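Below is one structure; the comments refer to it alone.
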Amino acid sequence: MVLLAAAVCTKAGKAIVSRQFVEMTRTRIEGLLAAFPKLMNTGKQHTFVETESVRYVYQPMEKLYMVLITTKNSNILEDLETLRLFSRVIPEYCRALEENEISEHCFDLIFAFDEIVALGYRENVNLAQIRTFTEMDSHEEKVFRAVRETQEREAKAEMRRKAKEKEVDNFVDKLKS
Amino acid sequence: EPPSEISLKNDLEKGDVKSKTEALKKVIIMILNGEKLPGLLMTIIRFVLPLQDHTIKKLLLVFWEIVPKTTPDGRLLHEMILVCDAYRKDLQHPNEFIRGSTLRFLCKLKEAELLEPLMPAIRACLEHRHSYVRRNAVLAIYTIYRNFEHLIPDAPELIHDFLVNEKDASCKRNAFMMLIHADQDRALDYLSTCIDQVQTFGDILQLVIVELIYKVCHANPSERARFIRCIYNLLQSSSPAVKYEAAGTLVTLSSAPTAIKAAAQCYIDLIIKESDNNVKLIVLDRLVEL
Amino acid sequence: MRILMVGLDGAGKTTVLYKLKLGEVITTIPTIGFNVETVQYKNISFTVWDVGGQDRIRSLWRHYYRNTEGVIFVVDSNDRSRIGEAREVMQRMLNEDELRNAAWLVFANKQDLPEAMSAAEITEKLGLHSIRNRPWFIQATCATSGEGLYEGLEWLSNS
């Protein structure tokens, strides 16, 4: 993990959608987080705030915020890419932007979190390709036609049966000393 | 006397899957509250072992996952073993994505009577030429290691040998992450091996070692040279990530005036290069510590 | 129709099934659970629960207590063991009323596989001789044999 939740946010004091990598507690962790986020703490601007060693990572994208959270150190850029990246992905994933579309393609969207990121690891590239992996496959089909068919033959037949029946060193020395 | 639970039931017929989808969403929302009162279980039960609807299964499944399962019925609703056999098959499924997806789920999953021969089952699935599937096992296993590590007991080595068989960086990266959590030692042995090779390689896996090494010294040291030999190589350092860590780890390790200088430089340039201010501040903070 | 294959499945009770379904054989671990197939005839598509009569699974089938429409009893005709005992159980099916909504078939399977009883011998023995408020013609299979089955069945859906 490098993120116990990704929650995609809309301005509302409320985060439009979320997923809980790990359950234990109740929303109050998440619920409390939601509250704080909605409040924004009046704070003016800035796309990042970490407070109390918790990264609250966000990106306004419009009236929307996409949010990630973490507490101990990270390499920034990567991160950014993601926020941004989210901001690339959605109109594809759930269709454009307005909660509803997403409301219909919730399943798709959550699926995307997992898919995209396996526990804080940047899994791939290529969205379409990303579609590919599941509920879009190939193997299963290959297998099915042949198999189904084979069985079918047995069945058909059955129908009848039925039917009828240097450098290092510089350092090293210095140090060594 | 009658209820809309039933109203949903006919819809499902009416559409098939489609209607059911709707039902899932509703159910979901209903579920979302907590809320539901049972009975549809039966329906679900009835149609689903004989039905496909993959997506739906995925919805279903997930639903099961998020929702409880040690349900006041048991534990299980009590069928947690029987239905699974199809699923086990799916899990068996020659069909690799399908297994992988399951696996993904499975990493989320943790339902034991079902697991046991699925332990066998999984083992087979590891062999499948797909790194996606195999990788998925790495999470899954991780999931075991806390829940019922023991379930499998021979693993840390088994993995470690596995690594030997292995060569997909993605999977490797993972492999490390888990491996040290099981036991560092194996990683280390390998570490010894890898020492020269590292430089050639992709970062992500490299990172993970940096954490590990840290904890052990405060507890105890005497280990250096072998490391050093490498470490110096690491004093190439060049990705912004690498560099970011690389100076950071160094300080962790050392603070010799020479050390002080080395890291310092890295920063200074970095900064200079640097653009995201947020970042800039951060290092200060470290610095502030320093 | 809901058609029921019970007894402990893994014996090739399941074989019996897999043989129907793909032509194949038990290439599963011996199977406690629901095994499902739909077989279409009179286009009543018979949904077969091949379910082990192993402990829980026998014990617990209440959601499957609903209303029957077809009976296969898949038989170890080398079993001549749990059948009296079975008879003793079987009564409670008899004592079920859902259970009286099927014109059926007991299938004697596993004939080659060791031997079998008098078609009659069994008939009393499971307590089978005694019915009528459901039809009750008898049909032997084996699990490496069985034909004319379908005569049995023919009458049966067309009851």
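Chain lettering (A, B, ...) mirrors the order of the structure tokens, residue numbering begins at 1 for each chain separately, and ligand numbering begins at 1 in order of display.
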As a PDB file with N, CA, C and O atoms, in the first residue's frame, could you give me every residue of chain A near chain B (at most 6 Å apart, counting only C-alpha atoms)?
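Saved to part-v1.pdb:
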```pdb
ATOM      1  N   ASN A  75       8.015  10.367  -3.256  1.00  0.00           N
ATOM      2  CA  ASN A  75       8.708  11.071  -4.310  1.00  0.00           C
ATOM      3  C   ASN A  75       7.602  11.689  -5.066  1.00  0.00           C
ATOM      4  O   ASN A  75       6.664  11.032  -5.459  1.00  0.00           O
ATOM      5  N   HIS A 139      -8.715 -15.024 -23.631  1.00  0.00           N
ATOM      6  CA  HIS A 139      -8.463 -16.412 -23.356  1.00  0.00           C
ATOM      7  C   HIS A 139      -9.685 -17.241 -23.232  1.00  0.00           C
ATOM      8  O   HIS A 139      -9.785 -18.338 -23.772  1.00  0.00           O
ATOM      9  N   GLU A 140     -10.600 -16.712 -22.408  1.00  0.00           N
ATOM     10  CA  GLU A 140     -11.805 -17.337 -21.993  1.00  0.00           C
ATOM     11  C   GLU A 140     -12.612 -17.722 -23.154  1.00  0.00           C
ATOM     12  O   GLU A 140     -13.057 -18.853 -23.233  1.00  0.00           O
ATOM     13  N   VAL A 168      35.534   6.060  -5.368  1.00  0.00           N
ATOM     14  CA  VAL A 168      34.875   5.457  -4.248  1.00  0.00           C
ATOM     15  C   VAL A 168      35.642   5.633  -3.053  1.00  0.00           C
ATOM     16  O   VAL A 168      35.188   5.972  -1.984  1.00  0.00           O
TER      17      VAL A 168
END
```
Where does DSSP see helix (DSSP H, G or I) in stretch 57-159 of chain C, if you list the residues as a PyMOL selection string? chain C and resi 57-59+62-64+83-94+119-125+128-130+149-157
Selection export as a short mmCIF file (atom, residue, chain, number, x, y, z; two decimals), in the first residue's frame, atoms kept: N, CA, C and O atoms:
```cif
data_model
loop_
_atom_site.label_atom_id
_atom_site.label_comp_id
_atom_site.auth_asym_id
_atom_site.auth_seq_id
_atom_site.Cartn_x
_atom_site.Cartn_y
_atom_site.Cartn_z
N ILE C 57 -23.80 -31.00 3.83
CA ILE C 57 -24.45 -30.70 2.61
C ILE C 57 -25.71 -31.44 2.54
O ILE C 57 -26.75 -30.86 2.33
N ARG C 58 -25.70 -32.70 2.95
CA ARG C 58 -26.90 -33.37 3.27
C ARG C 58 -27.71 -32.60 4.28
O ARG C 58 -28.91 -32.43 4.12
N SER C 59 -27.05 -32.20 5.38
CA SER C 59 -27.67 -31.55 6.50
C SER C 59 -28.38 -30.33 6.20
O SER C 59 -29.08 -29.84 7.06
N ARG C 62 -31.88 -26.48 3.02
CA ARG C 62 -33.18 -25.86 3.20
C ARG C 62 -33.67 -24.83 2.31
O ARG C 62 -34.86 -24.63 2.12
N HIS C 63 -32.74 -24.15 1.68
CA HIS C 63 -33.03 -23.19 0.69
C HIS C 63 -33.39 -23.88 -0.57
O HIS C 63 -33.95 -23.32 -1.49
N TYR C 64 -33.03 -25.16 -0.62
CA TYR C 64 -33.28 -26.07 -1.67
C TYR C 64 -34.45 -26.82 -1.25
O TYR C 64 -35.01 -27.56 -2.04
N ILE C 83 -27.79 -47.68 2.19
CA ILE C 83 -29.12 -47.65 1.69
C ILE C 83 -30.19 -47.91 2.70
O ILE C 83 -31.22 -47.28 2.65
N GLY C 84 -30.03 -48.87 3.61
CA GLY C 84 -31.01 -49.10 4.66
C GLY C 84 -31.09 -47.94 5.54
O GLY C 84 -32.11 -47.49 6.05
N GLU C 85 -29.90 -47.41 5.73
CA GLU C 85 -29.67 -46.31 6.53
C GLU C 85 -30.33 -45.17 5.84
O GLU C 85 -30.96 -44.32 6.42
N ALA C 86 -30.18 -45.14 4.53
CA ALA C 86 -30.74 -44.21 3.63
C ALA C 86 -32.18 -44.23 3.69
O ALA C 86 -32.78 -43.18 3.75
N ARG C 87 -32.79 -45.41 3.65
CA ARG C 87 -34.19 -45.64 3.77
C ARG C 87 -34.68 -44.94 4.99
O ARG C 87 -35.72 -44.28 4.99
N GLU C 88 -33.87 -45.06 6.06
CA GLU C 88 -34.15 -44.46 7.32
C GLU C 88 -34.12 -42.97 7.22
O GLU C 88 -35.03 -42.30 7.68
N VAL C 89 -33.17 -42.39 6.52
CA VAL C 89 -33.26 -40.98 6.23
C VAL C 89 -34.47 -40.52 5.41
O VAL C 89 -34.97 -39.41 5.57
N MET C 90 -34.77 -41.32 4.37
CA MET C 90 -35.44 -41.10 3.10
C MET C 90 -36.83 -40.81 3.40
O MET C 90 -37.46 -39.96 2.79
N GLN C 91 -37.30 -41.45 4.46
CA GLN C 91 -38.56 -41.19 5.05
C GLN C 91 -38.80 -39.73 5.25
O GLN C 91 -39.92 -39.30 5.14
N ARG C 92 -37.81 -38.91 5.61
CA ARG C 92 -38.10 -37.55 5.92
C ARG C 92 -38.34 -36.79 4.67
O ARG C 92 -39.03 -35.78 4.69
N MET C 93 -37.86 -37.30 3.51
CA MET C 93 -38.19 -36.73 2.23
C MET C 93 -39.58 -37.05 2.01
O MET C 93 -40.35 -36.27 1.48
N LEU C 94 -39.91 -38.29 2.34
CA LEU C 94 -41.25 -38.75 2.21
C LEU C 94 -42.15 -37.98 3.04
O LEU C 94 -43.34 -37.85 2.80
N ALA C 119 -33.24 -55.73 -9.09
CA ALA C 119 -33.85 -54.44 -9.29
C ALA C 119 -34.89 -54.24 -8.26
O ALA C 119 -34.94 -53.20 -7.64
N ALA C 120 -35.56 -55.34 -7.93
CA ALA C 120 -36.41 -55.48 -6.82
C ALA C 120 -35.74 -55.38 -5.51
O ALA C 120 -36.30 -54.79 -4.61
N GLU C 121 -34.61 -56.08 -5.31
CA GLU C 121 -33.92 -56.13 -4.05
C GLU C 121 -33.67 -54.80 -3.52
O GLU C 121 -33.96 -54.43 -2.40
N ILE C 122 -33.15 -53.96 -4.34
CA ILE C 122 -33.02 -52.60 -3.95
C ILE C 122 -34.32 -51.94 -3.61
O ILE C 122 -34.37 -51.03 -2.79
N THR C 123 -35.36 -52.28 -4.39
CA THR C 123 -36.58 -51.54 -4.44
C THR C 123 -37.22 -51.52 -3.12
O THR C 123 -37.64 -50.49 -2.62
N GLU C 124 -37.20 -52.62 -2.41
CA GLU C 124 -37.69 -52.57 -1.09
C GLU C 124 -36.74 -51.89 -0.23
O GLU C 124 -37.13 -51.19 0.69
N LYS C 125 -35.45 -52.19 -0.46
CA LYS C 125 -34.42 -51.79 0.42
C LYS C 125 -34.31 -50.32 0.61
O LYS C 125 -34.20 -49.90 1.75
N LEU C 128 -38.33 -47.91 -1.65
CA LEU C 128 -38.82 -47.50 -2.94
C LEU C 128 -40.09 -48.18 -3.42
O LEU C 128 -40.90 -47.61 -4.15
N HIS C 129 -40.25 -49.47 -3.08
CA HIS C 129 -41.36 -50.32 -3.44
C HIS C 129 -42.68 -49.72 -3.09
O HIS C 129 -43.72 -50.04 -3.65
N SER C 130 -42.64 -48.91 -2.06
CA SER C 130 -43.77 -48.43 -1.38
C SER C 130 -44.42 -47.20 -1.97
O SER C 130 -45.26 -46.65 -1.28
N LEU C 149 -32.78 -45.02 -20.54
CA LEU C 149 -32.81 -44.22 -19.38
C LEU C 149 -33.94 -43.35 -19.51
O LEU C 149 -34.77 -43.17 -18.64
N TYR C 150 -33.91 -42.80 -20.67
CA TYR C 150 -34.64 -41.81 -21.29
C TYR C 150 -36.01 -42.31 -21.49
O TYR C 150 -36.90 -41.50 -21.49
N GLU C 151 -36.27 -43.63 -21.57
CA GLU C 151 -37.63 -44.12 -21.54
C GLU C 151 -38.22 -43.81 -20.22
O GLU C 151 -39.41 -43.56 -20.08
N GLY C 152 -37.37 -43.95 -19.20
CA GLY C 152 -37.76 -43.79 -17.86
C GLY C 152 -38.18 -42.40 -17.72
O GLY C 152 -39.28 -42.07 -17.30
N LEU C 153 -37.28 -41.52 -18.13
CA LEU C 153 -37.49 -40.10 -18.16
C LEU C 153 -38.62 -39.67 -19.03
O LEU C 153 -39.21 -38.61 -18.85
N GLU C 154 -38.92 -40.44 -20.07
CA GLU C 154 -39.81 -40.00 -21.10
C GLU C 154 -41.13 -39.86 -20.49
O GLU C 154 -41.72 -38.78 -20.48
N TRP C 155 -41.51 -40.97 -19.83
CA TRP C 155 -42.72 -41.04 -19.08
C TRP C 155 -42.72 -39.95 -18.07
O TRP C 155 -43.73 -39.32 -17.82
N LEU C 156 -41.56 -39.76 -17.44
CA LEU C 156 -41.44 -38.89 -16.34
C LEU C 156 -41.80 -37.45 -16.57
O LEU C 156 -42.66 -36.97 -15.85
N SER C 157 -41.27 -36.71 -17.58
CA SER C 157 -41.73 -35.34 -17.75
C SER C 157 -43.10 -35.28 -18.26
O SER C 157 -43.74 -34.24 -18.25
#
```
Contact table chain B vs chain C, cut-off 8 Å, shortest pair per residue, only C-alpha atoms, as CSV:
```
residue,atom,partner,partner_atom,distance
B:42,CA,C:63,CA,6.7
B:49,CA,C:36,CA,6.8
B:50,CA,C:36,CA,5.6
B:81,CA,C:33,CA,7.3
B:82,CA,C:33,CA,4.1
B:83,CA,C:33,CA,6.8
B:85,CA,C:33,CA,7.0
B:86,CA,C:35,CA,7.9
```
For the structure I just gave you, how does DSSP split stretch 86-156 of chain C - specifically, which residues are strand (DSSP E)? Reply as a ChimeraX atom specification. /C:105-108,139-140
Print the selection's residues with C-alpha atoms to a file, as a short mmCIF file (atom, residue, chain, number, x, y, z; two decimals), in the first residue's frame.
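Now in again.cif:
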```cif
data_model
loop_
_atom_site.label_atom_id
_atom_site.label_comp_id
_atom_site.auth_asym_id
_atom_site.auth_seq_id
_atom_site.Cartn_x
_atom_site.Cartn_y
_atom_site.Cartn_z
CA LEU C 105 -35.94 -42.32 -11.47
CA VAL C 106 -33.61 -44.00 -9.23
CA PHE C 107 -30.52 -44.68 -11.24
CA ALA C 108 -28.42 -47.60 -10.43
CA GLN C 139 -34.10 -47.54 -14.20
CA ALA C 140 -30.53 -48.95 -13.88
#
```
My list of candidates is A:169, A:137, A:99, A:149. Which is closest to residue A:12 when distances are computed with only C-alpha atoms?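 Nearest to residue A:12: A:99.
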Would you write out, as JSON lines, a table of all residues in chain A that have an atom no more than 10 Å from an atom of chain C, listing for each the closest atom pair and the distance in Å to one decimal, considering only C-alpha atoms and ordering rows by chain and rising residue number?
```
{"residue": "A:147", "atom": "CA", "partner": "C:22", "partner_atom": "CA", "distance": 9.0}
{"residue": "A:148", "atom": "CA", "partner": "C:22", "partner_atom": "CA", "distance": 8.9}
{"residue": "A:150", "atom": "CA", "partner": "C:22", "partner_atom": "CA", "distance": 7.8}
{"residue": "A:151", "atom": "CA", "partner": "C:22", "partner_atom": "CA", "distance": 4.8}
{"residue": "A:152", "atom": "CA", "partner": "C:22", "partner_atom": "CA", "distance": 7.9}
{"residue": "A:153", "atom": "CA", "partner": "C:22", "partner_atom": "CA", "distance": 9.0}
{"residue": "A:154", "atom": "CA", "partner": "C:23", "partner_atom": "CA", "distance": 6.2}
{"residue": "A:155", "atom": "CA", "partner": "C:22", "partner_atom": "CA", "distance": 7.6}
{"residue": "A:158", "atom": "CA", "partner": "C:20", "partner_atom": "CA", "distance": 8.5}
{"residue": "A:159", "atom": "CA", "partner": "C:41", "partner_atom": "CA", "distance": 8.8}
{"residue": "A:161", "atom": "CA", "partner": "C:147", "partner_atom": "CA", "distance": 8.2}
{"residue": "A:162", "atom": "CA", "partner": "C:150", "partner_atom": "CA", "distance": 5.6}
{"residue": "A:163", "atom": "CA", "partner": "C:150", "partner_atom": "CA", "distance": 7.7}
{"residue": "A:164", "atom": "CA", "partner": "C:150", "partner_atom": "CA", "distance": 7.9}
{"residue": "A:165", "atom": "CA", "partner": "C:148", "partner_atom": "CA", "distance": 4.6}
```
With N, CA and C atoms kept, could you save the residues just selected as a compact mmCIF listing (two decimals), in the first residue's frame?
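See again_1.txt below for the written result:
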```txt
# COMPACT_ATOMS: atom_id res chain seq x y z
N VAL A 147 -14.33 -25.66 -26.46
CA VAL A 147 -14.90 -26.46 -25.43
C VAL A 147 -16.34 -26.67 -25.46
N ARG A 148 -17.05 -25.55 -25.57
CA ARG A 148 -18.45 -25.47 -25.60
C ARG A 148 -18.88 -26.27 -26.72
N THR A 150 -17.23 -28.76 -28.13
CA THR A 150 -16.96 -30.15 -27.95
C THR A 150 -18.03 -30.86 -27.20
N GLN A 151 -18.41 -30.22 -26.10
CA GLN A 151 -19.45 -30.62 -25.23
C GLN A 151 -20.68 -30.72 -25.98
N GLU A 152 -20.92 -29.69 -26.81
CA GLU A 152 -22.07 -29.52 -27.61
C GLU A 152 -22.17 -30.72 -28.45
N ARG A 153 -21.09 -31.19 -29.06
CA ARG A 153 -21.15 -32.36 -29.88
C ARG A 153 -21.65 -33.54 -29.16
N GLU A 154 -21.08 -33.74 -27.96
CA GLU A 154 -21.45 -34.79 -27.07
C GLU A 154 -22.91 -34.66 -26.77
N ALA A 155 -23.38 -33.45 -26.50
CA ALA A 155 -24.74 -33.12 -26.31
C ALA A 155 -25.62 -33.43 -27.47
N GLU A 158 -26.00 -36.86 -27.84
CA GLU A 158 -26.80 -37.15 -26.70
C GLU A 158 -28.20 -36.91 -27.08
N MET A 159 -28.54 -35.82 -27.79
CA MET A 159 -29.88 -35.49 -28.14
C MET A 159 -30.46 -36.61 -28.85
N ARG A 161 -29.43 -39.84 -28.59
CA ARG A 161 -29.53 -40.92 -27.63
C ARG A 161 -30.70 -40.85 -26.76
N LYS A 162 -30.89 -39.66 -26.24
CA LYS A 162 -31.99 -39.26 -25.47
C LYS A 162 -33.25 -39.41 -26.19
N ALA A 163 -33.24 -38.89 -27.42
CA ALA A 163 -34.36 -38.74 -28.30
C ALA A 163 -35.00 -40.02 -28.55
N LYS A 164 -34.19 -40.99 -28.98
CA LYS A 164 -34.69 -42.30 -29.18
C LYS A 164 -34.88 -43.00 -27.89
N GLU A 165 -33.83 -43.20 -27.09
CA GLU A 165 -33.95 -44.05 -25.94
C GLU A 165 -34.76 -43.54 -24.76
```
If you measure from atom CA of residue B:268 to atom CA of residue B:234, what distance in Å do you get, rounded to one decimal?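 Computing the Euclidean distance for atom CA of residue B:268 and atom CA of residue B:234 yields 18.5 Å.
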Distance query residue A:20 at most 8 Å, only C-alpha atoms, self and fewer than 6 positions along chain excluded, as an MDAnalysis selection string: chainID A and resid 4:6
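Rounded to one decimal, atom CA of residue A:35 and atom CA of residue A:58 lie 15.1 Å from each other.
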Could you pull the residues within 12 Å of residue B:162, counting only C-alpha atoms, minus those fewer than 4 positions along the same chain, as a list in words? residues 123, 126, 127, 134, 138, 155, 156, 157, 158, 166, 167, 168, 171, 172, 175, 176, 179 and 186 of chain B
For atom CA of residue A:129 and atom CA of residue B:137, quote the distance in Å rounded to one decimal.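 Value for the atom CA of residue A:129-atom CA of residue B:137 distance: 21.5 Å.
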